[PDB]
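# 3D model of this:
(3 chains)
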Amino acid sequence: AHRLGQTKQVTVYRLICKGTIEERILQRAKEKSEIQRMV
Amino acid sequence: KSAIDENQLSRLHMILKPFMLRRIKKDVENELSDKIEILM
Amino acid sequence: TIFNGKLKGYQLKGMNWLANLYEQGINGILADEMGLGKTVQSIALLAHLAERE
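Numbering: from 1, shown residues only, chains lettered A, B, ... in the order given. Please see the structure below:
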């Protein structure tokens, strides 16, 4: 979706469930984002 | 390894740096619109 | 040798890095972002293959 040919920028809305299966995958995605930023 | 990842990542990062090309969008952000994400 | 159009300094630097890495007989990976035109850099490298080998 987001690309260099978009002058409207983008709006990213991520729907996360409340405290059931969401916290683990979200925390793992945050740690994975930290590892990707460190790489 | 895990605990040795400081020296292994220090030598492996600069050792594998010549064989890879790392580019960031911050340099191309001049003609690129701002990006943002909001979790709900 | 690119009939699509002109290339920018990032695409020219990527193609020059791929050709310079290919001149030494070694291989490498491209970690550049997906919005950098990696396909246009690959086809532009096929147009940079003019060494004829």
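# Mind jotting down where the strands sit in chain C?
C:29-30 (DSSP state E).
# tell me the SS of residue A:13?
strand (DSSP: H, G, I helix; E, B strand; the rest coil).
# for the one 10 residues further on, same thing?
Secondary structure assignment for residue A:23 (three-state DSSP): helix.
# measure the residue nearest the centre of chain C to residue C:8 for me?
Per Cα atoms, centre = their mean, the C-alpha nearest to the average position across chain C is that of residue C:15, at 2.7 Å. According to Cβ to Cβ, to the nearest Å, residue C:15 and residue C:8 sit 11 Å apart. Any C-beta I mention is one placed from the backbone N, CA and C, and that applies to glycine too.
# which bits of chain A sit near chain B?
Selection of chain A residues close to chain B by Cβ under 8 Å from any Cβ of the partner chain yields A:2, A:4, A:6-16, A:26.
# Now with 6 Å, please.
Taking Cβ under 6 Å from any Cβ of the partner chain as the measure of proximity, chain A contacts chain B at A:4, A:9, A:12, A:14, A:15, A:16.
# How many neighbouring residues does the fourth one have?
Applying other Cβ atoms under 10 Å in any protein chain shown, we find 11 other residues in the vicinity of residue A:14.
# likewise the third one?
Residue A:12 has 12 neighbouring residues, counting by other Cβ under 10 Å.
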